[PDB]
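There is one chain below, alone, in structure tokens, taken in the form deposited in one PDB entry.
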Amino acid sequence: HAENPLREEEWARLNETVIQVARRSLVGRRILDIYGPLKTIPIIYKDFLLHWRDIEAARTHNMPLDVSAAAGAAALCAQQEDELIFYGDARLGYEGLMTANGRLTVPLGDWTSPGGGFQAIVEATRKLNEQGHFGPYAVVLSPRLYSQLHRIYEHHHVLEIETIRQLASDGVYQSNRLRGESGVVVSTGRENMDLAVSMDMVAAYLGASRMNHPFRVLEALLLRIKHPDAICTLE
């Protein structure tokens, strides 16, 4: 009975798997600047379990350990983090980018006809430029609008996504946490908004319950919106 059922190499391969899985499924960290690592700070976590006979076989038979449950937990944690970033938490009195008070709004418009999305983005950028924030811009869209921007038409000679990217030098991305037809344009920069991270996504041992081994993947972060006028939501 000890507080470390894993060796050093197994720990390294579990932690690198967690980091690698978290890296490829995060969208909110690609438009924000990280202020850390270091008002209540929320904690996001997900648990998984390991069988003791599997560890005994891995160490005795000289075979690699299976780390799929950690990958699943990390994917769920990344989904939770994106949900918190985009929509916040009403129970804790937290606001996201899509619900911040004092943000500008524009009508979504007709997107079926070619050029509608470009007109909407231009109108949002125009309203943003009126309030003193002028570039660089980043655009986040729901899967429906993102797929609709990739339609192929005749005599257009260019994909509308590149026409949009001409304006949004930071980038245009798709997010699954957005519901229905939704989009957001943000003026990037640490002076407008940022993310304060207290503890990165890491795995921790909880102690042996019965004879099996529980582990938890967890992290702690907060979103600080200093200027609410640098966000324009399509609705």
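In case it trips you up, residue 1 is the first one in the sequence shown, and so on.
Coordinates are given for every residue of the deposited sequence from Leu49 through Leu50, so that no gap is recorded there.
The protein also exists as the form solved in complex with a partner chain; that form is not presented, and the subsequent description refers to it.
The partner chain in the entry with it bound comes within 4.5 Å of a heavy atom belonging to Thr188.
In the entry with it bound, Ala22 approaches the partner chain with a heavy atom inside 4.5 Å. Although the partner is absent here, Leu32 sits close enough that one of its heavy atoms falls within 4.5 Å of the partner chain in the entry with it bound. Heavy atoms of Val197 reach within 4.5 Å of the partner chain in the entry with it bound, making it an interface residue.
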